[PDB]
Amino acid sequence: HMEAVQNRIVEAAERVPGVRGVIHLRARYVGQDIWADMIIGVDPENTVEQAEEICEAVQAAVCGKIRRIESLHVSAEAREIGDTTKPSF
């Protein structure tokens, strides 16, 4: 159920290089399949293009490890090292 699944999504995303934590995550079942949207933190100095490449890696990683996800939208926001101005999981 959703709490365990969300934990596994977060652990998988945080293993991808360039990820500075997960800031936002929403997920729901549609039938037996999971639809999720997440926002990861990344280095503010990355270009937006580089951040997209990180989000694509997260998408492959998370989808690759969690069978039951049918759709996973990943995008990014700026996160400086150690900053406490944004939420995290």
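All residue numbers refer to positions in the sequence shown, first residue = 1.
Just going by the entry, 79-87 versus 3-11 on mean CA temperature factor gives the higher value to 79-87.
Remark: stretch with higher mean C-alpha B factor among 15-23 and 63-71 is 63-71.
Sorting the modelled residues of the chain by their CA temperature factor places residue 37 in the lowest third. For residue 56, the recorded CA B-factor ranks within the lowest third of the chain. Only modelled residues enter the ranking.
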